[PDB]
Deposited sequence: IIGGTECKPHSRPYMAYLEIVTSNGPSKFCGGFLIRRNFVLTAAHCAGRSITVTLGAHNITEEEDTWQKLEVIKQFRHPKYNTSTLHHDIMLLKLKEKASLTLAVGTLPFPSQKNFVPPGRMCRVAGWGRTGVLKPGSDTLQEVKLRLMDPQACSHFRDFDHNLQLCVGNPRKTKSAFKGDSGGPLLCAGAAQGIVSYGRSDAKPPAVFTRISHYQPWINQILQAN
């Protein structure tokens, strides 16, 4: 998160910290959010050979009793996810067992301001953050994201005032974008120089597919 503040620890009990395993390189990291005791929503491009989920975390380098490190049994990436257009950047993770409900861990059931949180990098050349950072971003008209050639208003949200530095960035993918407390978007992609706006998956469009996956599993 660029241009944000450190969250009050555990003020966002649904936040999930993802460690992703591939076969040809070291681990990668994304965010995500617990929508069912055993289901975590994140970005399609965070998929890997295997994934571990830590719930209840603030400072991700210091273990604490709030922590729930959970195994992912199955990854449900959207079937139509496109590595060329980046369309349908969305994935459901099924946890091996249902998470415990605690104070620190629980499910989450243009021109306006939304908020987005993550453990991602705090600047173009900065490392990922140790602690959960958040930032408030402006929801933009779709023409503000026209320069992303495959951006699609129906599928995506355009997020972030270009006059401001604030933004999600690497490591923040899969995190929820909340407007008035409700999840509206998912961190997906943007420019490598982090100049806003950036592109978020529009959750509402994928709601049928989401419900589909839940009931079948």
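**Student:** Could you sort out which parts of the deposited sequence are absent from the coordinates (no C-alpha) and give them as ranges from 1?
**Tutor:** Comparing the full sequence with the modelled residues, the uncovered range comes out as just 110-118.
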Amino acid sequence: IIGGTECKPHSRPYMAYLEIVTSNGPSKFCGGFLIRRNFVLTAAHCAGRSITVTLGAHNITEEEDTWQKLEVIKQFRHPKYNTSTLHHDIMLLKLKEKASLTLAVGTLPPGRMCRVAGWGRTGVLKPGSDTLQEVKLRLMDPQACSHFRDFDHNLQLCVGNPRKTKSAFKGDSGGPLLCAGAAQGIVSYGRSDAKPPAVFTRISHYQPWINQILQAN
From here on, numbers count along this sequence of modelled residues.
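**Student:** Would you tell me which stretch averages the higher CA B-factor in the PDB entry, 184-192 or 56-64?
**Tutor:** Per the deposited B-factors, the answer is 56-64.
**Student:** Compare the mean C-alpha B-factor of 21-29 with that of 196-204 as given in the PDB entry, and name the stretch with the higher value.
**Tutor:** Between 196-204 and 21-29, it is 21-29 that shows the higher mean C-alpha B-factor.
**Student:** If you check the C-alpha B-factor for each of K94, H87, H147, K98 in the entry, which is highest?
**Tutor:** Of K94, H87, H147, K98, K98 has the highest C-alpha B-factor.
**Student:** Just grab whichever of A43, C179, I35, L157 has the top CA B-factor as deposited.
**Tutor:** Within the set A43, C179, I35, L157, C179 shows the top C-alpha B-factor.
**Student:** Would the CA B-factor of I51 place it in the lowest, middle or highest third of its chain?
**Tutor:** For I51, whose C-alpha B-factor we compare with every modelled residue in the chain, the answer is the highest third.
**Student:** Taking the values exactly as deposited, rank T102 by C-alpha B-factor within its chain and report the matching third: lowest, middle or highest.
**Tutor:** It falls in the bottom third of the chain.
**Student:** Report the third (lowest, middle or highest) to which the CA temperature factor of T131 belongs, ranking only the modelled residues of the same chain.
**Tutor:** It belongs to the middle third of the chain when residues are ordered by C-alpha B-factor.
**Student:** What third of the chain does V124 rank in for C-alpha temperature factor, lowest, middle or highest?
**Tutor:** Highest third - that is where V124 ends up once the chain's C-alpha B-factors are sorted.
**Student:** Divide the modelled residues of the chain into thirds by Cα B-factor and specify which third, lowest, middle or highest, holds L137.
**Tutor:** Middle third - that is where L137 ends up once the chain's C-alpha B-factors are sorted.
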